[PDB]
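Enquirer: Supplied in structure tokens, the structure appears directly below.
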Protein chains: 2
Amino acid sequence: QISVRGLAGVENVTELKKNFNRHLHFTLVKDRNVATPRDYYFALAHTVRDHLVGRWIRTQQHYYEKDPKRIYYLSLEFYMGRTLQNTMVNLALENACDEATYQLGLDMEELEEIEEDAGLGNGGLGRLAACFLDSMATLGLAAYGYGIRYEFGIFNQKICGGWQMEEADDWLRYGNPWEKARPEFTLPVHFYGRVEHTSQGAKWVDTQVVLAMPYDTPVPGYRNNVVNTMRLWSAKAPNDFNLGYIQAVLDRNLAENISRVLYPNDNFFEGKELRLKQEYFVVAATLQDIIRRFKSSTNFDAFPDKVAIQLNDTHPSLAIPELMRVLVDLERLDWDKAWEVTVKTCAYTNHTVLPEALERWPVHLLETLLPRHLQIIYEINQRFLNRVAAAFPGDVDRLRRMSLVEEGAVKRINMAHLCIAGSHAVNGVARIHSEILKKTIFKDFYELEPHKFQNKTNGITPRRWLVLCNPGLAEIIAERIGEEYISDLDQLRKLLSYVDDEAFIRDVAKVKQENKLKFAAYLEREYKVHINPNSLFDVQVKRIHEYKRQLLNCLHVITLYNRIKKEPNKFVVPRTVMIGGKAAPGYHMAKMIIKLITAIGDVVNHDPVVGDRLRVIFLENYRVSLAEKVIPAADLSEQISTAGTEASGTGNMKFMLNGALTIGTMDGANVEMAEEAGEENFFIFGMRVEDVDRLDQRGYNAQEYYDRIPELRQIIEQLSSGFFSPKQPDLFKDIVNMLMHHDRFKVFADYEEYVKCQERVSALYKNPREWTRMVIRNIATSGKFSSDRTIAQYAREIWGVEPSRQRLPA
Amino acid sequence: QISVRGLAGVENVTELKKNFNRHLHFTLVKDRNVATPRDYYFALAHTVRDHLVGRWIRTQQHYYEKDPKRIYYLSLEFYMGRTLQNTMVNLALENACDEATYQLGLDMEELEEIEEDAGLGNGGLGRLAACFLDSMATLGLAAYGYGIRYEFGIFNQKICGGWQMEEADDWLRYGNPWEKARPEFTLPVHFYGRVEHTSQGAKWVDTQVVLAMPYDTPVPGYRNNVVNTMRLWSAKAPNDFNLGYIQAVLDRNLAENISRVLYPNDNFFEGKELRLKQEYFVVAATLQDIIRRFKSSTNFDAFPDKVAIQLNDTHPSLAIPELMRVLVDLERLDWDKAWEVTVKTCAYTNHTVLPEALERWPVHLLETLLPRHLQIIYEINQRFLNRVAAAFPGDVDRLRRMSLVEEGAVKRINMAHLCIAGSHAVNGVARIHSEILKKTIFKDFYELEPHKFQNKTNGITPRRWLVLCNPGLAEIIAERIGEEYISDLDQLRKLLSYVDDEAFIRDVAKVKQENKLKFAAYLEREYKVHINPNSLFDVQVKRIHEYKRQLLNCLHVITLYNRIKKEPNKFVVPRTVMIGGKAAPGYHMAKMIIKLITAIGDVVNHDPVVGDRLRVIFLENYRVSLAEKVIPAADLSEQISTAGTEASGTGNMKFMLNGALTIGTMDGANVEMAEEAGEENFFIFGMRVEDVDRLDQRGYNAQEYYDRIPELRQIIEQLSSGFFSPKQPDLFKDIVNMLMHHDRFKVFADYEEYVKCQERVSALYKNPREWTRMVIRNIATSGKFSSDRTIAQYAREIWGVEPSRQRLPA
Ligand SMILES: OC[C@H]1O[C@@H](c2ncc(-c3ccccc3)[nH]2)[C@H](O)[C@@H](O)[C@@H]1O
Ligand SMILES: OC[C@H]1O[C@@H](c2ncc(-c3ccccc3)[nH]2)[C@H](O)[C@@H](O)[C@@H]1O
Ligand SMILES: *Cc1c(COP(=O)(O)O)cnc(C)c1O
Ligand SMILES: *Cc1c(COP(=O)(O)O)cnc(C)c1O
């Protein structure tokens, strides 16, 4: 059908059809008389998977022979989404599979919808890791993603009576065809125990053992025949575990719980023992695998030449003391030499400055769980602080500020400080964020070792986030500039030559309109909700958080509603306002925000005076597969975090690539997006970081805004009085109280500028041609935000390896 | 190589080789440079499995079209053992696979040893169910085995310092290629709750739900292209289960524990809640499946014409009240009609008369777990006792004896009484056992309904238990009488014509000698133990129990040792005495017996005066795969249970078929074995059932035997004084005390006759030709003990269906 989807050759189509039938019979043990759509999905998945195998084996053989430097990306989260379409895209099989299934009487798009997301992450951080794996394969790096195979990923969200309910994501129920269990490479991981000091070193003894069993998933690069590995560990009890008899067998669940469930907090630290066990489990199993592979190449001098470990935030920070443990206690290196190797091997990426998100573990937990690691951390701390003391003599407050050990009621270890001390490079994830790190929370460290600090602005893969989810847009682009841009996104700059081209303008607008119709149909079909596809699609999709300010959007929506009710017969640009995202189950305020959004919808969507000029929809169960549907359909991307709080954002980049305009604060990567596109082509509003600092210095008083802005006072009085909750008039009192007296994120301070900026959005939407021209200017300058760019920078500036676009032989 | 193993055609061998290579690459994702023997085993298993698929689909299609009466065999245990060789045997692929693997440079026997037993049973009862499934497929019956897929089967036994240790049997660790998960046919099962009485019937409400997910395993018939199904249920929590958040997800293990582990008791009742949950889980899921299949053929009159349910002991007895529940509460049949259907559908097999093995559940457990079922059982009981009262008016003691409800400290439900009331047929498992049932524990029921009571003497499948484990013997038989006997074992009678044939005599003895050499090599290789292959191999393998009297064997062994020490320079026939079997983990006396056997070995095996004239070996981890090795190697089969205690025995039959002579009491099927072969060709000793009754009437006094038999007194004094435990002289005091004062199984009473009979064994072994002739007379008369005979009797006399030997098309 469309060019970028590859060839449908007769030989290939014939072969796919016979292999589909073979799997249906032999693999699934079904015949066509009783097979369901799910069986058909599985038959196609196995058929496509077979095409990965030769390339997977050959890639891994190639790395064994050539022995390149290996990159190990450690993360507690990999938010992969679905695999079938991505695999077809990267192997150039999409049109052939479409044809084959068509000839068998099946609709491939319908089969694609059966696949479960692999939801092994919370949001941005987990999805970044997934985009990174795609880029590393596409750039030919010998890279491995290491994580935990959670039995239950991020919960499925149901909305009941306007409230979030959680249900378990039993994603493995029907089986996962994309992983390969590797029980033969199972490794032991130790917990608890005690340390004995002998004549020749410390010994960690009397430990409890849990086994780590690996499952490998292939990660195909884009049309280069490279297939890298994501290895995820699963917890298993040893067979003599607890070994009256029946109870001992049932108690194996105590060990196996380590990999049972993903902690569902986004940008928040919950200091529970089970989470710490997860963090050590992934690190301990991974490092044995790394060392095994290194020895199969005595001399650890070369370790940093052959190994890079990248820590995705502090979650795998125990890699640092674990590597020291292994080198010192087991390989018998002297401390100084072990430390040199460790520092040169490890690098740390910071993804947040919010204090409630920073990991600070109680010493007593580490003392009990990981006694040798605590000893090592103390020794690291003493030696580090000796360096600080020599560099800044007499500066005793610096010593307390920089210590890895925080004093107080409960002593804690600051894991971010540990990562900086033990890494040769520390980066933030957007230019403003990296600058904030050097100016504020890591200022002391930057003064001591300025060379360590870098920036690596985040990106997204244009395979998943354009070609896969928006084939219509990919095609009209390819018609003009060819296909090379899919792995070299900077080529989209060539589209600036088409900003006055009437045909291109028409095609860009038609693709958006088709995406909007398709999404509006999806809504009716799966959720019996009826929306106007000619309205402006105004979307904020992301995790629910105070700092992301879904509440500010809410205030705007109520303002629009009140303005309509005040002058019903005046024309306003029609909007469909869509807000979606999950709240952490324990985060009461975030759950209240969801209820507020649905409550606003209940009033607005049923007011006959409003008609279809304003609709407010809560998009349930936002996840990667839903992002792939809604983002291509959006007109306006809401990126409205308080300046200084969103380290980067990546949803922002997805919307830019897909032909939405952005309304946003100068926060995270929004700053670089505006710089690339031009400030004239971006709807920027609100306080900058320096304005937030000025407000904090004199003191934020929300009452001042309430007193001076009548439209804002009206809304607060409506909330307080029960206008949006007639049967429970005091329902939103927690929200009002927070806004009025302890709002850390200054919602009222950006309200006026936000509403005024939204008026400018509506004015531009009234002129379709000029709206579309501004869109073309955004799409054309989105190239910087490819994760191929990001990964090439990590490769050259941190890992010391050169990317390659050269094909392996097929 | 050998005839009965089928053809090795060039086309077939070529095809097997290419499919082996295909699976190795695509299924296992390995190349030949890194593949291990385990990968090679899996490649062969997938290759052989592919040959089952077409026949499996076609068989099940055939039953859908023809709609025969379906037989459902319900059991808590299916002791399947390994599947690879059995599958090759039944599909006539053994020689082709041997050739294919040979050409690939692999030894197929070595690959076969990698497969784990499916150990989903304790011993005889579980293995009977497995032999039955093989026979039902071989006889063309539309039969389904339904059970529980335990995550952990019977424990692996380790011997440490002479003591049994248990370790978990993690049989699924590397995956099970023989099962097919069928998550799409998952069914709900209810627990707890309460009963509400409405205008139109009872309602069971407020229940907790656990899901039952089926896994299907193919059961191939012998060369008839029939492939039946064994469906095993696995417990899954619903996704809203318990739905702070993390704990709710972790607590899913509470529901999933139902299928976690097999209770490891043989012929013993442990009345625990988890066991009751297992019993209901299998019954409830199975009956929904049965009813679904029946409706896909409103009129339940025809149900008994289309369905037979066979209860393997009382473990699935809840089928009776569950079927009533469904028919009355859900389908709204009147009680009398529902009862008629239930009785005509269900049949019960009893496998034990030991009081400690009979299931009697406390009413309070059923009250809490299964409140509606208790109500139904009470109603069954009232209506049944009304029938008793009308038949035997005024006999009030009969009413109390026959009641389903046992009065006492705790009221209990007698499940055997429930099964008899609700079944149209009740059978024992050997003629003497069936007679005991009518004379003793079920006498009252027999008087009320004599027509219900039958006998079905047990059997064993000659596919696994001759062709597979003893190909050498199968071959020399086939050379004389052809291959037809493998599915018509009565043809072995033709071998009586060869009892004076010098060539046949030589071949039978050579096959035994080769089996003994092979087993002696296995011992050294895997357990560094050195045995004399010219000695008489004297073997007792079976679960450790007081009633099976491993202790009586022990007394004989010590007697032989003491006789040697008394006259060292006299000739005695050399013996290797092998005893193996698992003890239930909670069964203290059985664990002490294991320790006694190893302690005797420690003394005997290291006494230089004994030399290699007597060796005592404890065979560790006895299980189906070990039985397949040791049974072909045995000379003498020890079947020495106290008369009246072993309902049938099936090991006895395995030894007979494989060329061992039997020393045994007249118990269980030993009686029929002696009758078939001739008493002259069997070493029979000891009390008959009527002698045991006479002793019980006057009172068993063990001291009398101690006082009159000096050889016996010597042994007891050795045990008591610490001769077999120097460092712990009082180690065996529990054993001595039991023997002397509370031996329910009268070990001393059979001692003299046993020792004298063993002397006759030794005398015959000195004459190889006459020993071998007696062997031929046993093998030749073993035909009755095929489970094909057994199943044809169930089919004709209980289920009302005709067996068929006709091939389905391939
Ligand atoms: O760099 C990728 C993204 O990482 C998010 C992130 N930081 C910390 C976490 C986090 C902490 C604890 C548990 C789970 C996730 N998540 C930031 O909020 C985004 O701005 C950023 O675009
Ligand atoms: O009929 C097959 C075999 O069944 C055994 C048996 N009866 C009850 C059980 C039993 C009870 C509770 C839990 C597990 C197993 N096992 C008998 O002891 C054998 O004689 C007989 O040959
Ligand atoms: C991209 C993405 C995110 C991150 O969005 P932000 O707006 O940067 O927070 C979160 N969730 C899902 C499912 C995503 O695809
Ligand atoms: C046949 C068999 C049994 C039953 O043996 P009996 O001597 O009848 O108790 C027990 N266990 C295994 C592994 C068997 O193969």
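Note that chain A is numbered according to Swiss-Prot, with residues 13-255, 262-315, 325-837 shown in order.
The backbone N, Cα and C atoms fix where each Cβ goes, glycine too.
So Swiss-Prot lists the following for this protein:
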MOD_RES   A:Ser15  phosphoserine
SITE      A:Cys109  site 'Involved in the association of subunits'
SITE      A:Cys143  site 'Involved in the association of subunits'
SITE      A:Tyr156  site 'Can be labeled by an AMP analog'
MOD_RES   A:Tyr204  phosphotyrosine
MOD_RES   A:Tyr227  phosphotyrosine
MOD_RES   A:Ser430  phosphoserine
MOD_RES   A:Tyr473  phosphotyrosine
MOD_RES   A:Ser514  phosphoserine
MOD_RES   A:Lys681  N6-(pyridoxal phosphate)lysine
MOD_RES   A:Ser747  phosphoserine
MOD_RES   A:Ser748  phosphoserine
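Explain the structural surroundings of these features, please.
Expert: Listed in sequence order, A:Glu502, A:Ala505, A:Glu506, A:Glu510 are the same-chain residues six or more apart from A:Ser15 (phosphoserine) with CB atoms under 8 A from its CB.
Within 10 Å of the Cβ of A:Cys109 (site 'Involved in the association of subunits') there are 28 other Cβ atoms, across all protein chains.
DSSP assigns A:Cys143 (site 'Involved in the association of subunits') to a helix.
With a cut-off of 8 Å between CB atoms and residues at least 6 apart in sequence, the same chain places A:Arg82, A:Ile83, A:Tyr84, A:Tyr85, A:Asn240, A:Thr241, A:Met242, A:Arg243 near A:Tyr156 (site 'Can be labeled by an AMP analog'), listed in sequence order.
In the three-state DSSP classification, A:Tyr204 (phosphotyrosine) falls within coil. A C-beta separation below 8 Å, combined with a sequence spacing of at least six in one chain, links A:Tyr204 (phosphotyrosine) to A:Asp218, A:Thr219, A:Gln220, A:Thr395, A:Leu396, A:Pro398.
In the structure as shown, the Cβ atom of A:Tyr227 (phosphotyrosine) sits within 10 Å of 17 other Cβ atoms.
According to its DSSP assignment, A:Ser430 (phosphoserine) is coil. Cβ neighbours within 10 Å of A:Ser430 (phosphoserine), excluding its own Cβ and spanning all shown chains: 17.
Around A:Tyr473 (phosphotyrosine), the C-beta neighbours below 8 angstroms that are at least 6 residues distant in the chain are A:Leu464, A:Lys465, A:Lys479, A:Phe480. Under the three-state DSSP scheme, A:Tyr473 (phosphotyrosine) falls in the helix class.
Its own atom aside, the Cβ of A:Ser514 (phosphoserine) has 20 Cβ atoms within 10 angstroms in the protein chains shown.
Taking the Cβ of A:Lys681 (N6-(pyridoxal phosphate)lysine) as centre and 10 Å as the limit, one finds 28 other Cβ atoms among all the protein chains shown.
In the three-state DSSP classification, A:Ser747 (phosphoserine) falls within a helix.
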Enquirer: Between A:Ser315 and A:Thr325 this deposited model leaves 9 residues unbuilt; compute the CA-CA distance across that break and give it in Å as an integer.
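Expert: With 9 residues absent from the model, the flanking Cα atoms are 11 Å apart.
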Enquirer: Quick check: of the recorded positions listed here (A:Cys109, A:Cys143, A:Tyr227, A:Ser747, A:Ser748), which one has the Cα closest to that of A:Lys681 (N6-(pyridoxal phosphate)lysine)?
Expert: A:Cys143
Enquirer: Sorted by position, what residues of the same chain at least six away from A:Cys143 (site 'Involved in the association of subunits') have a C-beta under 8 A from it?
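Expert: For A:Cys143 (site 'Involved in the association of subunits'), the qualifying residues are A:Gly486, A:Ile487, A:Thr488, A:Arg491, A:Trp492, A:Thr677, A:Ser814.
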Enquirer: Can you grab the distance from A:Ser430 (phosphoserine) over to A:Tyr227 (phosphotyrosine)? Cα atoms, rounded to a whole Å.
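Expert: A:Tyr227 (phosphotyrosine) has its Cα 38 Å from the Cα of A:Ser430 (phosphoserine).
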Enquirer: Cβ neighbours within 10 Å, counted over all protein chains: which one of the modified residues A:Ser747, A:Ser748 has the most?
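Expert: Highest number of other Cβ atoms within 10 Å: A:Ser747.
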Enquirer: List the Cα distance (Å, whole number) between A:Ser514 (phosphoserine) and A:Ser748 (phosphoserine).
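Expert: A:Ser514 (phosphoserine) to A:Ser748 (phosphoserine), Cα-Cα distance: 55 Å.
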Enquirer: Tell me the Cα distance separating A:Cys109 (site 'Involved in the association of subunits') from A:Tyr227 (phosphotyrosine), rounded to the nearest angstrom.
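Expert: Spelling it out, the Cα of A:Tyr227 (phosphotyrosine) and the Cα of A:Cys109 (site 'Involved in the association of subunits') are 27 Å apart.
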Enquirer: Rounded to the nearest angstrom, how far is the Cα of A:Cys109 (site 'Involved in the association of subunits') from the Cα of A:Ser748 (phosphoserine)?
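Expert: A:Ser748 (phosphoserine) to A:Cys109 (site 'Involved in the association of subunits'), Cα-Cα distance: 58 Å.
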Enquirer: The deposited coordinates stop at A:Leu255 and pick up again at A:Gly262, leaving 6 residues out. What Cα-Cα distance does that leave, in Å?
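Expert: Across the gap, the Cα atoms of A:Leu255 and A:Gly262 sit 9 Å apart.
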Enquirer: Just to verify a number: CA distance, A:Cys109 (site 'Involved in the association of subunits') to A:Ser747 (phosphoserine), in angstrom, no decimals.
Expert: 57
Enquirer: What does DSSP call A:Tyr156 (site 'Can be labeled by an AMP analog') in the simple three-state scheme?
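Expert: A:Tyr156 (site 'Can be labeled by an AMP analog') sits in a strand per DSSP.
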